[PDB]
Amino acid sequence: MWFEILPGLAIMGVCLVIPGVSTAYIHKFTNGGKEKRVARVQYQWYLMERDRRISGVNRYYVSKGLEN
Amino acid sequence: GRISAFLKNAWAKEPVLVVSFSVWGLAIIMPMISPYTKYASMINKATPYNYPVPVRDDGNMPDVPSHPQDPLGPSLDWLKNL
Amino acid sequence: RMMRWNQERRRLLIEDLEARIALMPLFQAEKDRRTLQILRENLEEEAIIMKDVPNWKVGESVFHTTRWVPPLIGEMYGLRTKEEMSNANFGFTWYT
Amino acid sequence: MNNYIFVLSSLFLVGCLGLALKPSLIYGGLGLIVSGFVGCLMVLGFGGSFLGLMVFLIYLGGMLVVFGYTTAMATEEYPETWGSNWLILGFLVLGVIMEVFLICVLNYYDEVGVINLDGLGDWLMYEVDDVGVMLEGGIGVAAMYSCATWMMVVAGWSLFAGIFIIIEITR
Amino acid sequence: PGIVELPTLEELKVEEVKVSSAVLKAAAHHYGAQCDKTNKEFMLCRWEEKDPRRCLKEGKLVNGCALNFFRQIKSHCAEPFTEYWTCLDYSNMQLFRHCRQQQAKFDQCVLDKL
Amino acid sequence: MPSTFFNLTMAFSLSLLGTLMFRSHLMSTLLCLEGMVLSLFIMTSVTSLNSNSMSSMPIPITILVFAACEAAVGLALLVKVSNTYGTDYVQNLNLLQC
Amino acid sequence: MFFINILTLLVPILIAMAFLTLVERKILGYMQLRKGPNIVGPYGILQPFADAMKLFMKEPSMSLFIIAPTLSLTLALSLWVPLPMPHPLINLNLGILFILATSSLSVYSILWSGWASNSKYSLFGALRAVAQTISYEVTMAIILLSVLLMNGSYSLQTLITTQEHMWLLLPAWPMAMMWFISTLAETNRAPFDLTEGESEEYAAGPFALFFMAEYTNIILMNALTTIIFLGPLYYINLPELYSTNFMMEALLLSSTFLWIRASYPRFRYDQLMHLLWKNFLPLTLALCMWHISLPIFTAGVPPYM
Amino acid sequence: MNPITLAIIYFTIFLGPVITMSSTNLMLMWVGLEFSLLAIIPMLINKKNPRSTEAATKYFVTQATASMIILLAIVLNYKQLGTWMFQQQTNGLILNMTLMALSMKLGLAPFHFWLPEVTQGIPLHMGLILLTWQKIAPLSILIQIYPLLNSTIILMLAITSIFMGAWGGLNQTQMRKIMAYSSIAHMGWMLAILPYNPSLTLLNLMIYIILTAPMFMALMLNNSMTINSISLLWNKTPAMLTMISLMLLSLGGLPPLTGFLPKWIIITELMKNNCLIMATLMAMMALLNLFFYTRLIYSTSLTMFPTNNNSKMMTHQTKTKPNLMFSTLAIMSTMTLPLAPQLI
Amino acid sequence: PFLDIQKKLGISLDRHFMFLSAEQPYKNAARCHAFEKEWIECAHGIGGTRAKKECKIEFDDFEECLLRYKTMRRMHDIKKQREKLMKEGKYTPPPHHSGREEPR
Amino acid sequence: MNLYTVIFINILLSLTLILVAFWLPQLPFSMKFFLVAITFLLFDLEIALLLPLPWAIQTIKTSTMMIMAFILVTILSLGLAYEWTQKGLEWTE
């Protein structure tokens, strides 16, 4: 009966769920636990290039704090 | 009577046009009615997409404040009280 | 509900822009000092680079103004590497 | 990825050249689509995201579509292909060689004018508001609704009249 | 035709803040009033005179004020301020919505002590 | 900028040649017109975004709309021609010389 | 990293398209009271690979012949790039306009196929389908131009923070009743699949490519609906939950398409163009004006970061 | 063409020039030009016959190239300075291109081989507009920018128009083509005087209009578009002759009429500015225009050609088309020389 | 202009952005605002031929701000000489130009 | 670089598929259509004019944007209704 379509429904479900979590976890692994910043404007890009310049490593996924 | 008959006919024959024209009328008309319209311009004037360059005090202008947190300037409290 | 939510979004936007407002001055001064150092270095190098030629000048303002002049990224990063010139030009335009 | 704009420019040049060396229309329309694509990409590299996407959405989707539509429904590529394409291809090759050598000639006389080759990457963006929101072409194109309303009303009238004109023509 | 004046690298060398954008965006509001006279005066100098090479002595004062501000915030109420920016920087656009009930705490601490 | 701009002007000139010289068709001419228009719109938007000017941006939109309508009426005329002669050739228009 | 992400974005969607062909066959069979494929493998999870091998085994202007299907498929795959799930692969302001462009383009393939095939028979249907697709893409674009005024930005992330509280269907359902239909025309699905109903030139391989892109566009338009008019739950700690609810609603829409394909007859071309030009376009314009006025006679004028 | 369409098209035609002039932006000018082009094409192609369609194709193609060229000029000026208007600091090549385009758009020579064909394919009530409400905006553009022009090529163009128009008019029988060549020549006169005093181009244009429009009314009367079809006017309606003869001699520019005054004061300006050689060429080659006006005067009035019997069945009838403004303009053309100072 | 209907009605439809330094929407000033504001003020009150010769010191600077032909050439000659030196083997670019530094 | 990578990847994948496909085995006119294409144009141009609302709305001259929008929409609808009444949407020859 109608309980024979699940072996395709669940398949499509998992294979449409994989890309989202893939992207999220991958962005997070790269940028160190925090998501990938976005720049709809020049303001955020200025912030990002500033953090890049002061990272001491030339990468922006480093937030310093008050110990600088 | 003729109008009423025509609409009693259209409301079964071709409603699409009735809905369209009613929506059109509502759109052209309500803005002149509602009280919450001007508030939009007030808001989009308040929104500071730029920097408010200040001025000097070589005169006796008492309106402008010497500090942001002071009360002598234009308020918008109605925004949060909305 | 859409209205009551859009208004709250406008309030949040005002908050963020007020933060940016309070921070603009600092950033302005940092940027100014940075570009001034940049030009000073371009000059300290230009000196030795083009001292051996005839009737050449040093920081010769191509204008007759005495007015300050927003310098071009061309001038500033014209002696640094393609890396920086492009990280400047195509930075916001190549998706972060 | 410094030669970007020069490359896109040469490709637009070549598309318009393949349209000027009138080939069979089926193999000229591809040149035109390439031309539009590359020109939009140039605009984008400069920073007119809105303009580039407007092009992709209107020029190609709106105009080239109907060009091909009308062409097919009202044209026949009669056997005028006495190796005409195979001839104009070598002719195009000769022209592109001419142009390459032409630029390699110019660069000698003109150095800081026509083209600056040693520093080509430079001199695309001159200044920019680093800390500034609201600096994208969306605002300039939205102008028409607050200031410059004449543009909008004039385009509206152009369409309002083009409808009548087309229909009164076709009959 | 005409020489241009410029300052020297060896001068205008102040010890910058070098703090991150998240922290700046978080602490801004208070720094909006605290250290406001100086910043407003500097913006006025920069808008009146288009000479950054003349509007410099009003930048070192700015940075000194900002540092003497972050210094008080380091002395008092540091951990609320650290957890705060670690909560902000998590997001992408660093919005003040996903951290509300981690904000009023820091605010009340800063108040009850300052 | 200058290099790409001179090249765009060259492309305009090439479309000019394409329109001013025929190869026994009409759609080719109209497509060369479209190429002209594209180059012009591009040069204008480039000039604007390079000067950082905004209020001058409506102009590309305006001229693009006008070129759309122009090419539309041109295609309508081409179609009337094909449907009253039998094809879209050019050598059929030997009339009016009398 | 990035290549890994592109693989995660391209391989699973092809897998899902295959198993979607399967699900179609099965549901149509179960609505026509039969089973469907249950033999080639357990409950029919190998018929798609069987079809692939068979097609690539079948024997047959090369330029058009290749560029058309390739173009269509590449567009259909690129359409996926800018989607949020919940944080996207490529955050693009103007993303939905990029979507519309890359969805409209495939008309070029449809048209080149005809202009190549000398068959008047083929140009007939080619023109018809091209015209219907064009005319429906028009409204597909205007609906967005009338809704997105709720979030003053053409982005696709802002949709989520917007729908945080409520959805986008309780309002604008006079549109969803359309955006859930034009999607049945651009896709040339039922009840507008006349382009495959009246037949009197696609070989095996290019047919496989065309069909791949067709069902990809199906999945993608359904995802666009699930994102626009059926806002999911964006609790930042649960991107998994976001993706999961998105999956669910996408499957629901993709089975609704099949309910439709089974139940209804097909539209006569003239009746169809009448439908559009005389029922949807007036309503569409008037509703766009309505949603333009709403943020003026109401404070709800949204921001632009 | 139903009334709504007719009204909208007439409105757009009356608009295009108004905007092209009242606007100080070159883009708006180009826009008005496109307006005229578009809104006019139909009025040419209404009959939908092959000749009309052909003429429409020619017209549209030429004017399209012209408009795109002017657009190129404007954009180059933008890149050069920033303003959307022409100043005194623009590389002369841009002006030369603008001038080539305006010429091709008017009918000047050697950009003129498309005007006679079109004006032969067209009826009268649209050729009239084609000659008298499309050559205005393109001339206002020049009125705005006369100082910084290239007198050399302007004069070469003008005199070339004089010669070619006259030499073609010596032959063309078709009255439409004759009128076209006359337009060419008079616009040559204008462009010749232009960069010295524009009011005189304004005057030459108004005069050419006042002489053309009534001629086209007298033609619209009978649809007689040929010499052997207009010679029968002395038997169809023997009244229009005493005015047609005058108007044609005027167009020629005979002193006691008014058509002379323009050439006269124009030569005066060119003599003040030391252009007497080209002035002499113009004055000694307007005589061929005068010739092929005299040769139609002959055919119509000074000698009576064989008529056709059914003209009796016609005369039994009546006709009340010829409105008042026809005679009004005819008179205010022929008998208004005493009021030249009040014209300047 | 030609037909001053606009000035007669005391209105404006196009002439409020005829040039560069008009009122841009969100106060974003253009590139050569100042040079334009000076060129116009010198070319006001007078007409044409006066300005085409008594405003060059204010217009050449403007055209340069707008195009920077002379700055292009300056930088070009500098880089050409530098390349020739690094070829002959006399230069040695320091770090701040050669790939790193201690930035802000 | 990212979109370049993605697009090259998609194109190369499609071409691998087609190369596999190729290796493993071893007319009068209808005025109505042109009129419809023309309607499509004259609507895409409206779309180009109309898209910028999400930024034209955040300005201060609401009394202007509201109006101009209504104007465009209503005049376009007028042209549409005229085309209808004059039978451009009937398909019967």
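Here chain E follows Swiss-Prot, giving residues 2-115 in order.
A Cβ is built for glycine as well, from the same backbone N, Cα and C atoms used for every other residue.
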Residues flagged as motif 'Cx9C motif 1' in Swiss-Prot, choosing from E:3-13, E:36-46: E:36-46
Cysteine from E:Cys88, E:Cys110 that Swiss-Prot links to E:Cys100 by a disulfide bond: E:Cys88
Among E:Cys66, E:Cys78, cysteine joined to E:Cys110 by disulfide in Swiss-Prot: E:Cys78
Motif 'Cx9C motif 2' range according to Swiss-Prot, out of E:23-33, E:56-66: E:56-66
DSSP-derived helix, strand and coil totals, residue by residue, for the motif 'Cx9C motif 3' (E:78-88): 9 helix, 0 strand, 2 coil
Within the motif 'Cx9C motif 2' (E:56-66), residues counted as helix, strand or coil by DSSP: 9 helix, 0 strand, 2 coil
Residue, out of the disulfide-bonded residues E:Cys78, E:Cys110, whose Cβ gathers the largest set of other Cβ atoms within 10 Å: E:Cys78
Leading stretch by Cβ pairs under 8 Å, where the reference is the motif 'Cx9C motif 2' (E:56-66) and the options are E:36-46, E:78-88, E:100-110: E:36-46
Chain residues in Cβ proximity to the motif 'Cx9C motif 4' (E:100-110) (below 8 Å; excluding those fewer than six residues from its ends, i.e. six or more beyond): 77-78, 81-82, 84-85, 88-89
Cβ contacts under 8 Å made by the domain 'CHCH 1' (E:33-74) with residues that lie 6+ beyond its boundaries: 6-8, 13, 15-18, 20, 82, 111, 115
Chain-internal residues, separated by at least six, CB under 8 A from E:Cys56 (disulfide bond): E:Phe43, E:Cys46, E:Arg47, E:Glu50
Secondary structure at E:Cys36 (disulfide bond), reduced by DSSP to three states: coil
Packing count at E:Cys36 (disulfide bond) (other Cβ atoms within 10 Å of its Cβ): 22
Other C-beta atoms that fall within 10 angstroms of the C-beta of E:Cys46 (disulfide bond): 17
Least Cβ-crowded entry, counting other Cβ within 10 Å, from the disulfide-bonded residues listed as E:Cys66, E:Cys88, E:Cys100: E:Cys88
Secondary structure at E:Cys100 (disulfide bond), reduced by DSSP to three states: coil
Between E:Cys78 (disulfide bond) and E:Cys36 (disulfide bond): CA-CA distance (Å): 19
Between E:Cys78 (disulfide bond) and E:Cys66 (disulfide bond): CA-CA distance (Å): 19
